[PDB]
There are 2 protein chains.
Amino acid sequence: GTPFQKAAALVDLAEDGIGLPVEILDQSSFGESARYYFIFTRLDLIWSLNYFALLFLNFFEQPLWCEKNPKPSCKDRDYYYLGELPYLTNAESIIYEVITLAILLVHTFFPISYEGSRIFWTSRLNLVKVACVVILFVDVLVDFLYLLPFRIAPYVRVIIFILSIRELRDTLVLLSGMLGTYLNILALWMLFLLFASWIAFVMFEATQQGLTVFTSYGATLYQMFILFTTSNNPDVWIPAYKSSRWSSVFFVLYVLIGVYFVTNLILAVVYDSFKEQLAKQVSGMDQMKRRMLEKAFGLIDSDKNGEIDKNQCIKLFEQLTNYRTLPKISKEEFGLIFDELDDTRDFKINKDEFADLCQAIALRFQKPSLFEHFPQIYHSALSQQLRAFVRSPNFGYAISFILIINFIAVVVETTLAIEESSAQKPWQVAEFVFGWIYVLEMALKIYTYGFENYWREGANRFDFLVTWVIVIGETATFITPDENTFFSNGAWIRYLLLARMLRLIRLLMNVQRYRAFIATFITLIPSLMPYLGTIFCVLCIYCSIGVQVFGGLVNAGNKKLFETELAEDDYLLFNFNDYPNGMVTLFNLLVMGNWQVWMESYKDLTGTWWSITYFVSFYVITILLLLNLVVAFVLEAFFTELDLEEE
Amino acid sequence: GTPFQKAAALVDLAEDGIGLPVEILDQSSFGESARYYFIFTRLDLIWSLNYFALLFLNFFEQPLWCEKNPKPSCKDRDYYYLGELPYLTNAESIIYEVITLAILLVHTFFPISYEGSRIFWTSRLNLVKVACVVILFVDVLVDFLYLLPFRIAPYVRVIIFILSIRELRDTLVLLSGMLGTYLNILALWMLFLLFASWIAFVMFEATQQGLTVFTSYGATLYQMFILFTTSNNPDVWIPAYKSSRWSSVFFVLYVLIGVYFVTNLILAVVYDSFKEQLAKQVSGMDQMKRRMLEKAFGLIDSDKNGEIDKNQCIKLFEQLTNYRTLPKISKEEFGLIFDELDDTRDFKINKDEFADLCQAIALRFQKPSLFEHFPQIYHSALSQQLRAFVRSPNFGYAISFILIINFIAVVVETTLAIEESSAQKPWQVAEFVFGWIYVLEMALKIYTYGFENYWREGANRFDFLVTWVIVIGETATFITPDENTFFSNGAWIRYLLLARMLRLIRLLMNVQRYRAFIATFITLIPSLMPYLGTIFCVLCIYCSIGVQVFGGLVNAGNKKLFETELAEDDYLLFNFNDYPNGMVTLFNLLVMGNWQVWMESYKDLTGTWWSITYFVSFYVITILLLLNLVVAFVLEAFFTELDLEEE
Ligand SMILES: [Ca+2]
Ligand SMILES: [Ca+2]
Ligand SMILES: [Ca+2]
Ligand SMILES: [Ca+2]
Ligand SMILES: [Ca+2]
Ligand SMILES: [Ca+2]
């Protein structure tokens, strides 16, 4: 047991909670565990692809109501308002499930090799993983034997995907703590709805608005709930306004208080409670991080001198460079990290000074040209003029001028979109020239800045990709002037025109005051993914429930469907017949635009009032809790960055 | 010229920028100005009532399109979908205008008495006031002579009302300061809209969604703006979804990015700019206050010793107690404030120590019973038992039990809302007893805590007034069992139930966590008044413009009206025919619920595309600027209070 290997393992554990068990580093036969751990970590791309394949299977499964015998077979894609995604047959679904299940089974039960026996079977996460895998295997076996109330696999495989990502696991734990305070503010919100309905039920008792809308307290409470979202504001109290113009005062007060006071109060409480959960998690994670780093320091210094020498600190680096979960470190970066690590400036790292290792590792990002091989070409009299001009401030001025000319060429080309293909070639030739100029621009930039220096920053790598993607398509259209099924097609021409448009957005980066706002938007999406992924997983669960409950009520032969608001508004294509169909239907309810049409219509098709619990719970869980959390993220991101420049 | 009088005037100026001119305190004949200033300030209630009456005249004026000769006379209130507020005849309008104009003219030109001659005519605010008064007088004279393109008096009197209140003027100044940054963010929003519209127009060129919705670039931009409002989300791209389910991805991306990113960025920018404006205004006002207080202190101390004695300070107190714009101060409050002001504890107030006078004045609010006159009654064994019981914690428990019994009685009474008046008498008697026992509670509370100590708090006064208002109504209903036109009416019974339900709301204060939120809302309402008044004035201006432009297009005989979205949705009662009608029509656009129905319909009635400039500018000015500001205020208040409790 080499102490440096254990120190590297402890550093890997300190970077994030994922790693080797703590109690096996000093245990005998540790290398046999490290080897299997490295082998397991070499296949993380395969594991992630398998998990995404399991997640994306719900989109391609035949709906459960098709497993029965409807009067027309559901291959009639127009009768049920289905569309555009194929269904997997029995053989295809069976083989896909078998392959994915085998890979998942290998992934789940492999940690037992480097975790021993008792440690694997005493972890709650491993226990729930094994339980989910066993449930999925039993479901697959039952399905194979049949070829049953309902198919439970869709829910299970979504759960497996959620717990397979560390960020998705963390979000659910945080939401668990919020559940106490969130339920508290829902009771206050519920009391406001309950009493406001009581006032409106007795006020409009014998009036015209109580004989058609507020027929009973349940009807009143139902209508006052929708009014709280301002989805039917003028519609609901037309009869009250037609019989008395003073009745509008009550509804004006209710909407104003409901929207500005109550709705904003929920957002403030949700964000405040969630922000408290970060403090508990971050402090706990950081406290664990420093404990692991401190323990690693003790292993390295067996002499108890208190500090590590230069070579000993270096020897740690090549031991921790075998891990793929740690930032890449070069050979010359070894001194760079040690130079930056030293805070007391004594050629030695201290115990409390060593606790800033993980932050130090991924902070260097610096440092030399391959065009310096021949000094008779690069160092020329005319070369300096080119070198001066490319680095001159007018270089951007010239490129901006070219972009403006390109902008003029694009807008005039889009104007002649109804003309035939006879006059499109002259503009194609002009666009052909514009493609190579930008390639010439980026190639010239490589000649001056170098190759490796040109590739260091991540933003330029995106510019490298988009420049090459658009030029190969542009030149492919020109080198093939005869008729083709891939270059003269209407779809290909449209894609070409869009590509040049997304090139023109670069002009918007010239405005510094606008460029800052775009940069904030770009840097926010990576940090918003775990919360956006949770919303996607919640939609997946709700989509599976919607298909199983509201399966085939929207047909071309239903009689009660054409009397509902769904048919009158021509929303028949937004149903819960498919998984893709229900995935975009839940997006329409996500934005709360005409959202009560589906809630009203599916209540009539099911014929029961219990069906509205599907939509009420979706609004409460997703709109009020998850979307309000995402909204609060965008505000806090802008508020901190905006105030930063004035400081 | 008594120096204490000038010191009191300077303190009045320090409290707020409204007061006597600075350069007349040392000028000769100062008392002749102070007397007129006090006389002017004694009539502030009359001035405020006159200003509010002038503002409220727009609601009672006959619309200008009625001044012409429509085919039916507009006394037929149903033909034009008018309703419920009377029109002032020529004589009534003339006399009301004369009275208001006379009072306003007296108010405007009275300051010239205590401001001299040259000072009055060199102030920009006074010049604007005089110009507005002259314009209003000219309009009144022209109207009298006639009995003309249009009447300008509505806008002028709205402006007069706006500039007659300091808070509205401050809000306007801050908005003028913000205008540049608001335009800066609007330009980026417009660029985003234009780019998205270009992409959508080109990409759906020859598709079914481009032959019915995106017919041209202007129509595409219009529909993309409405979609950014998310008022027609599923409707706009139904043809695209019907021809290709993958087309929904573009619209999903547009809606998500637009709404979240752009809306929250605009809100953040507006809030940041307004906070900067608040910082500037507060800094300037505080600097002016300190300068005025320093000048007053310099005036008081003519001996240049550096500190003021006690008697001189008390003399300042009863010299400044003559102003009605300053907080009330009693006799012992003189010594109380003198003791509280002393920070160095030396029986003397210092130069910088005196600058904390305005804050100290309205901070005492303390300090004794009138029931102590007879010690043979108040001091008794049973009296002691009652005093112990009322102040005991079980007093609240018993009152809560009584209120719960009242809740049961009220709910069972409301259950039998369809029954006749024969069985309502027992419940009327029960609620009669409830009202009297509540009055007994209030009287006993007065008896135990005293009279003045009971009247010190404000919520206690509110409880007193509401209890008396409900009990007088209950007893008036009970003592008249025979048929009456005021006590057996259904409206009276409904009012009684509504009054009782608020008493039933008193129980909501028992929950501490809900009581904190309610108190936060209650203390938030006063601080939001200037912004709500600014929104109200903007709504008044827009209503006047809408009545002037969209006057009588909504009739019962129009042919192009029944083909519009206004008639199909049965929104015909929400038009711009009246001032009351337009005032509630603008509220429907305020909440952005089905808001494009009016924008679509009036474009067809006017027959021009310029009419949408009325609705777009309303959305930009009101929804994106003022309502966002109110929302930001609510969020920041809730956040600060919340974070205050965990601290
Ligand atoms: Ca790790
Ligand atoms: Ca050492
Ligand atoms: Ca050191
Ligand atoms: Ca004053
Ligand atoms: Ca003195
Ligand atoms: Ca002192």
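The figures here come from the full heavy-atom set of this structure, side chains too, leaving out hydrogens, waters and symmetry mates. A note on names: the letters A, B, ... follow the listed sequences, proteins ahead of strands, and every chain is numbered from 1.
- Per-residue heavy-atom pair counts under 4.5 Å with chain A were compared for B:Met203, B:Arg494, B:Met501, and the maximum is reached by B:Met501.
- Within 6.0 Å of CZ in A:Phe536 there are more than 12 heavy atoms belonging to other residues, nucleotides or ligands.
- At a 4.5 Å heavy-atom cutoff, the contact between A:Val411 and chain B is made by backbone and side-chain atoms alike.
- Contacts between A:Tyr271 and chain B at a heavy-atom distance below 4.5 Å involve the side chain alone, from C-beta outward.
- Residue contact with chain B, scored on non-hydrogen atoms closer than 4.5 Å, is absent for A:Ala637.
- Taking the side chain as every heavy atom from C-beta outward, A:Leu573 and B:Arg245 approach each other to under 4.5 Å.
- The part of A:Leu504 that comes within reach of chain B is its side chain, from C-beta onward, which places non-hydrogen atoms under 4.5 angstrom from that chain.
- For the pair B:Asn184 and A:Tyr514, the minimum side-chain heavy-atom distance is below 4.5 Å.
- Taking the side chain as every heavy atom from C-beta outward, B:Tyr260 and A:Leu528 never approach each other to under 4.5 Å.
- Counting non-hydrogen atoms of other residues, nucleotides and ligands closer than 6.0 Å to CD1 of B:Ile525 gives a total above 12.
- The minimum heavy-atom distance linking A:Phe639 with B:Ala268 is given by the pair CE2-CA, 3.5 Å.
- For the pair A:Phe201 and B:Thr414, the minimum side-chain heavy-atom distance is 4.5 Å or more.
- For B:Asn594, the part lying near chain A is the side chain, with the backbone staying farther off; criterion is any non-hydrogen pair under 4.5 Å.
- Using bins of under 30°, 30° to 60° and over 60° for the plane-to-plane angle, the ring pair B:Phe574/A:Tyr241 lands in the parallel bin.
- Rounding to the nearest 0.5 Å gives a distance of 9.0 Å between CZ of A:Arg513 and OG1 of B:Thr181.
- Using a 4.5 Å cut-off between heavy atoms, B:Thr585 does not touch chain A at all.
- When side chains are defined from C-beta on, A:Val269 does not count as touching B:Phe638, because their heavy atoms never get closer than 4.5 Å.
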Please report the C-alpha distance between A:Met592 and B:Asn233 in whole Å, then the side-chain angles of each, then the deciding distance to 0.1 Å, and finally whether the side chain to side chain contact (heavy atoms under 4.5 Å, CB included) criterion is met. CA-CA 9 Å; A:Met592 278 279 129; B:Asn233 180 20; over 6 Å; no
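- For chain A, the option among B:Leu265, B:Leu498, B:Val630, B:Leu191 with the highest count of heavy-atom pairs below 4.5 Å is B:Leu265.
- Using the six-membered ring where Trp is involved, B:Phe521 and A:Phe261 have ring planes that are parallel, under 30° apart on the 30 and 60° scheme.
- If you tally non-hydrogen atom pairs under 4.5 Å between each of A:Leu85, A:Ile505, A:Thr230, A:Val202 and chain B, the highest count goes to A:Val202.
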Could you walk me through whether A:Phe195 and B:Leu508 pass the side chain to side chain contact (heavy atoms under 4.5 Å, CB included) check? CA-CA 11 Å; A:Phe195 190 73; B:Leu508 188 153; over 6 Å; no
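- Neither the backbone nor the side chain of B:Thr520 comes within contact range of chain A; no heavy atom of the residue lies under 4.5 Å from a heavy atom of that chain.
- For chain B, the nearby part of A:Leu497 is the side chain; its heavy atoms alone come within less than 4.5 Å.
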Please evaluate residues A:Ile238 and B:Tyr571 with respect to the criterion side chain to side chain contact (heavy atoms under 4.5 Å, CB included), reporting the C-alpha separation (whole Å), side-chain torsions for both, the decisive distance (0.1 Å), and the verdict. CA-CA 8 Å; A:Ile238 284 169; B:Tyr571 293 173; 3.9 Å; yes
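- The shortest non-hydrogen separation linking A:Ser243 to B:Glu84 is O-OE2, 4.1 Å.
- Proximity to chain A involves both the backbone and the side chain of B:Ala206, based on heavy atoms less than 4.5 angstrom apart.
- Annotation: side chain of A:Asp272 is in contact with side chain of B:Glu646 (closest heavy-atom distance under 4.5 Å).
- Residues B:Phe587 and A:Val255 are in side-chain contact: their nearest non-hydrogen atoms beyond the backbone lie under 4.5 Å apart.
- Side-chain contact between A:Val410 and B:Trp198 is present, with at least one heavy-atom pair separated by less than 4.5 Å.
- Ranked by heavy-atom pairs shorter than 4.5 Å toward chain A, the options B:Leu627, B:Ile418, B:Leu590, B:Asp643 are led by B:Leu627.
- Put simply, of A:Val259, A:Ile199, A:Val591, A:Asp235, the one with the most heavy-atom pairs under 4.5 Å next to chain B is A:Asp235.
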